[PDB]
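For reference, the structure is listed below as structure tokens.
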Ligand SMILES: [Cu+2]
Ligand SMILES: [Cu+]
Ligand SMILES: [Cu+]
Ligand SMILES: [Zn+2]
Ligand SMILES: [Zn+2]
């Protein structure tokens, strides 16, 4: 079983652009997210499951903000803090950082040990940030992910 | 946990050079390897625990080859197959690939779900290859890691 998520670079002005997919599979140690993306800025990128199954933008203080429609990091256990994928008292949506190579592609799979079944993540969104993820709210909030650069809805 | 492993770039001729550390800690989901490395080549690199507690070279067909003193991938359960970090019938030493950014640094931690206790890795070595890791023995053996670029002995 698997879930192929279509991911798009968010552009509230001229329209979202397809950048590939992220395929979710189950392993004996948790859900595995295998990316097949391209056209992205090289480096480490914050990667988390957000609460709403939406990648639409939302007006925030006069600005149509990319991906705000997805809401915050998925936190069904009410951890109320950003952490490591292997930290029990961190948002359940906190996944390992995504690696984008020099050529703008991302194909390295990552494991989210706290997620066990595919049905558990359906009805939410996967977000890729412009910044990275140090898995802490220190010194920057939410791992320093910053703006939402790409997103897909898990169905 | 906390075992700070000193890592060196391997050069049997010109001499080895310090490139930083890899700190190993225990999490509720397995051992976490947190790198703090510099001076490495950009890209994903094969990252595995090798059997011998040595990073010394060894003669291969008359050629003193970097890191061969470390032996092969640590495979205490006799999987005799290279695979994913979350694959039970793969070498127990198979870790997630290490990400080295454009600037040559690596700070992104990775989880090895099948390694449960610090002591299990003591008495072995941690290897960073020149090539990447597709977590398979095809089309290249041992994930295509190829030559051994950097290494550290786990005390
Ligand atoms: Cu680059
Ligand atoms: Cu996020
Ligand atoms: Cu290796
Ligand atoms: Zn979070
Ligand atoms: Zn292996």
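Residues are listed down the side, and each one gets a yes or a no for (1) farther than 17 Å from residue A:153 by Cα; (2) touching a helix residue (DSSP H, G or I) at 6+ places or on another chain (Cβ under 8 Å):
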{"residue": "A:11", "(1), (2)": "no, no"}
{"residue": "A:15", "(1), (2)": "no, no"}
{"residue": "A:20", "(1), (2)": "no, no"}
{"residue": "A:23", "(1), (2)": "no, no"}
{"residue": "A:29", "(1), (2)": "yes, no"}
{"residue": "A:36", "(1), (2)": "no, no"}
{"residue": "A:42", "(1), (2)": "yes, no"}
{"residue": "A:49", "(1), (2)": "no, yes"}
{"residue": "A:52", "(1), (2)": "no, yes"}
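To keep it simple, each residue is scored yes or no on (1) without any contact (Cβ under 8 Å) to a residue 24 or more places away in the chain; (2) closer than 21 Å to residue A:142 by Cβ; (3) surrounded by 18 or more Cβ atoms within 10 Å (Cβ to Cβ).
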{"residue": "A:15", "(1), (2), (3)": "yes, no, no"}
{"residue": "A:19", "(1), (2), (3)": "no, no, yes"}
{"residue": "A:35", "(1), (2), (3)": "no, yes, yes"}
{"residue": "A:39", "(1), (2), (3)": "no, no, no"}
{"residue": "A:43", "(1), (2), (3)": "no, yes, yes"}
{"residue": "A:55", "(1), (2), (3)": "no, yes, yes"}
{"residue": "A:60", "(1), (2), (3)": "yes, yes, no"}
{"residue": "A:66", "(1), (2), (3)": "no, yes, yes"}
{"residue": "A:72", "(1), (2), (3)": "yes, yes, no"}
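Would you please name the residue that is farthest from the other protein chains (Cβ to nearest Cβ), looking only at residues in the range B:1-38 that are in a strand (DSSP E or B) and at positive phi? Steps first, answer last, please.
Keep residues of the range B:1-38 that are in a strand (DSSP E or B), which gives B:3-9, B:17-27, B:30-37.
With the extra rule that they be at positive phi, the set shrinks to B:20, B:30.
Details: B:20: 17, B:30: 7 Å.
Across the range B:1-38, the extreme among qualifying residues is B:20.
Out of A:93, A:152, A:104, A:131, report the one residue that is in contact with a strand residue (DSSP E or B) (Cβ under 6 Å, 6 or more places away or on another chain) and farther than 19 Å from residue A:29 by Cβ.
Working: A:93 fails: farther than 19 Å from residue A:29 by Cβ; A:104 fails: in contact with a strand residue (DSSP E or B) (Cβ under 6 Å, 6 or more places away or on another chain); A:131 fails: in contact with a strand residue (DSSP E or B) (Cβ under 6 Å, 6 or more places away or on another chain).
Exactly one residue qualifies, and that residue is A:152.
Restricting to the range B:54-80, count the residues that are in a strand (DSSP E or B) and either farther than 30 Å from residue A:102 by Cα or in contact with a helix residue (DSSP H, G or I) (Cβ under 7 Å, 6 or more places away or on another chain) (or both).
Filtering the range B:54-80 down to residues in a strand (DSSP E or B) leaves B:58-60, B:63-65, B:73.
Filter once more, keeping what is either farther than 30 Å from residue A:102 by Cα or in contact with a helix residue (DSSP H, G or I) (Cβ under 7 Å, 6 or more places away or on another chain) (or both): B:58-60, B:63-64, B:73.
Adding up the residues that qualify gives 6.
Looking at the range B:130-144, which of its residues are away from ligand 1 (no atom under 16 Å from the Cβ) and within 14 Å of another protein chain (Cβ to nearest Cβ)?
Taking the range B:130-144 first, the residues away from ligand 1 (no atom under 16 Å from the Cβ) are B:130-131, B:133-144.
Within the range B:130-144, B:131, B:133, B:134, B:135, B:136, B:143, B:144 meet the criteria.
When you scan the range A:41-52, do you find a residue that is more than 14 Å from residue B:108 (Cα to Cα), outside any strand (DSSP E or B) and within 14 Å of chain B (Cβ to nearest Cβ), even just one? Before you say what the answer is, go through the steps one by one.
Going residue by residue through the range A:41-52, those that are more than 14 Å from residue B:108 (Cα to Cα) are A:41-42, A:48-52.
Add one more test, that the residue is outside any strand (DSSP E or B), and what stays is A:41-42, A:51-52.
Cutting the leftovers down to within 14 Å of chain B (Cβ to nearest Cβ) gives us A:41-42.
Yes.
Of the numbered conditions (1) within 13 Å of ligand 3 (Cβ to nearest atom); (2) without any contact (Cβ under 8 Å) to a residue 60 or more places away in the chain; (3) touching a helix residue (DSSP H, G or I) at 6+ places or on another chain (Cβ under 9 Å); (4) over 17 Å from residue B:152 (Cα atoms), residue B:94 satisfies every one except a single condition; which is it?
(4)
Given the condition crowded, with 24+ Cβ neighbours inside 10 Å, more than 16 Å from ligand 5 (Cβ to nearest atom) and within 13 Å of another protein chain (Cβ to nearest Cβ), answer yes or no: does some residue in the range B:82-105 qualify?
The answer is yes; a qualifying residue exists.
Run down B:149, B:127 and say which single residue is part of a strand (DSSP E or B), under 21 Å from residue B:70 (Cβ atoms) and in contact with a helix residue (DSSP H, G or I) (Cβ under 8 Å, 6 or more places away or on another chain).
Answer to the selection: B:127.
Note that we place each Cβ from the backbone using ideal geometry, even for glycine, and neighbour counts take in every protein chain shown. No lab work stands behind these numbers, since they all come straight from the coordinates.
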